[PDB]
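A.B. asks: Give me coordinates for this.
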Amino acid sequence: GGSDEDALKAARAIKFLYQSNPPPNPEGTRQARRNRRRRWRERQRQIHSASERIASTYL
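C.D. replies: Residues are numbered from 1 along each chain as shown. Next up is the structure itself:
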């Protein structure tokens, strides 16, 4: 509205009251912050080699 028009909105009467200034909570408890999900390039490589080898001593 203006430099003074806006100020009037904040307080029109000399009588001012002190109120608290808690954090935002549109849906109970939400945290709006900048974050990025990082990743990696490495996986585990196993092998299922459970063969069966006997001791063929003689023919």
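A.B. asks: mind checking how far the residue nearest to the spatial centre of the chain is from residue 57?
C.D. replies: The residue lying closest to the centre of the chain (Cα atoms, centre = their mean) is residue 35, at 6.1 Å. Distance, residue 35 to residue 57, by Cβ to Cβ, to the nearest Å: 65 Å. Heads up, the C-betas are built off the backbone N, CA and C, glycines and all.
A.B. asks: just to revisit the earlier point, in three-state terms, label the residue nearest to the centre of the chain for me.
C.D. replies: With DSSP: H, G, I helix; E, B strand; the rest coil as the basis, residue 35 sits in coil.
A.B. asks: Can you tell me how far residue 57 is from residue 49?
C.D. replies: For residue 57, the distance to residue 49 - Cβ to Cβ - is 24 Å.
A.B. asks: swap in residue 22?
C.D. replies: Taking Cβ to Cβ, one finds residue 22 at 62 Å from residue 49.
A.B. asks: Please apply the same query to residue 43.
C.D. replies: Plainly put, residue 43 is 19 Å away from residue 49 if you go by Cβ to Cβ.
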